[PDB]
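Worksheet: one structure, shown below.
Positions of Cβ are backbone-derived with ideal geometry, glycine not excepted, and every protein chain shown enters the neighbour counts. Each value in this text was obtained by applying a stated rule to the coordinates, not by laboratory testing.
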Amino acid sequence: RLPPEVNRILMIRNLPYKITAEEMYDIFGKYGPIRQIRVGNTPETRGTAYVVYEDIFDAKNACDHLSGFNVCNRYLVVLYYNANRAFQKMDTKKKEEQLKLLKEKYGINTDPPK
Amino acid sequence: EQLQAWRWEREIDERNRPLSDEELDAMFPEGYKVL
């Protein structure tokens, strides 16, 4: 059924800036119940978002259908979550703490998007 | 692959466990607001 990279959490890039909570839930919720959505709100993060699905199959389905899907006047980039990629802008050293914190406390994978 | 099939089955399942807000917070870098 599903490869090692597939995850419940999706990473979204190239979001329209003026997108409402409603619209997010509308777009992504179509594929199954949503655990939550975080939305980039600082200069370095505007336009990106993380949507968390309650079920990994829903996530897998949404990622298939939405990657490169046009909304407003832009093609969405959607990728599976990855702890390493998500913590890139962390200074090379302080990365390790969180990366290892996660792998230890919550057992979720730390490996780079290979 | 009776052992491969179980194992995959078991992998997909750990990746499908309920998640605490607390679990989730440690998942994300700064600069994001929860909708």
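Quick test for you: out of A:46, A:13, A:8, pick the one residue that is charged (D, E, K, R), surrounded by fewer than 17 Cβ atoms within 10 Å (Cβ to Cβ) and within 10 Å of the chain's Cα centre (by Cα). Step through it out loud before you land on a result.
On the way: A:46 fails: within 10 Å of the chain's Cα centre (by Cα); A:8 fails: surrounded by fewer than 17 Cβ atoms within 10 Å (Cβ to Cβ).
After ruling out the rest, the residue left standing is A:13.
Could you list, in sequence order, all residues of the stretch A:14-34 that are in a helix (DSSP H, G or I) and either in contact (Cβ under 8 Å) with a residue 40 or more places away in the chain or more than 20 Å from residue A:57 (Cβ to Cβ) (or both)? Break it down into steps so the answer makes sense when it comes.
Kept after step one, since they are in a helix (DSSP H, G or I), are these residues of the stretch A:14-34: A:21-29.
Across the stretch A:14-34, the qualifying residues are A:21, A:22, A:23, A:24, A:26, A:27.
Condition first: among the basic types (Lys, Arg) and either assigned to a loop (DSSP other than H, G, I, E, B) or touching a residue at least 40 places away in the same chain (Cβ under 8 Å) (or both). Now tell me which residues in the stretch B:11-35 satisfy that.
Taking the stretch B:11-35 first, the residues among the basic types (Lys, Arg) are B:15, B:17, B:33.
Across the stretch B:11-35, the qualifying residues are B:15, B:17.
State all residues of the stretch A:35-80 that are of a type outside the set (A, V, I, L, M) and assigned to a strand (DSSP E or B); if no residue qualifies, say none. Steps first, please.
Here is the first cut: in the stretch A:35-80, the ones of a type outside the set (A, V, I, L, M) are A:35-36, A:38, A:40-48, A:50, A:53-55, A:57-58, A:60-61, A:63-65, A:67-70, A:72-75, A:80.
Selection gives A:35, A:36, A:38, A:40, A:50, A:53, A:70, A:74, A:75, A:80.
Does any residue of the stretch A:98-108 turn out to be in a strand (DSSP E or B) and either of a type in the set (A, V, I, L, M, F, W, C) or under 17 Å from residue A:8 (Cβ atoms) (or both)?
No, the stretch A:98-108 contains no residue that is in a strand (DSSP E or B) and either of a type in the set (A, V, I, L, M, F, W, C) or under 17 Å from residue A:8 (Cβ atoms) (or both).
I'd like the full set of residues that are more than 10 Å from chain B (Cβ to nearest Cβ), surrounded by 19 or more Cβ atoms within 10 Å (Cβ to Cβ) and out of contact with any helix residue (DSSP H, G or I) (no Cβ under 7 Å at 6 or more places or on another chain), limited to the stretch A:71-92.
Scanning the stretch A:71-92 gives a single hit, A:82.
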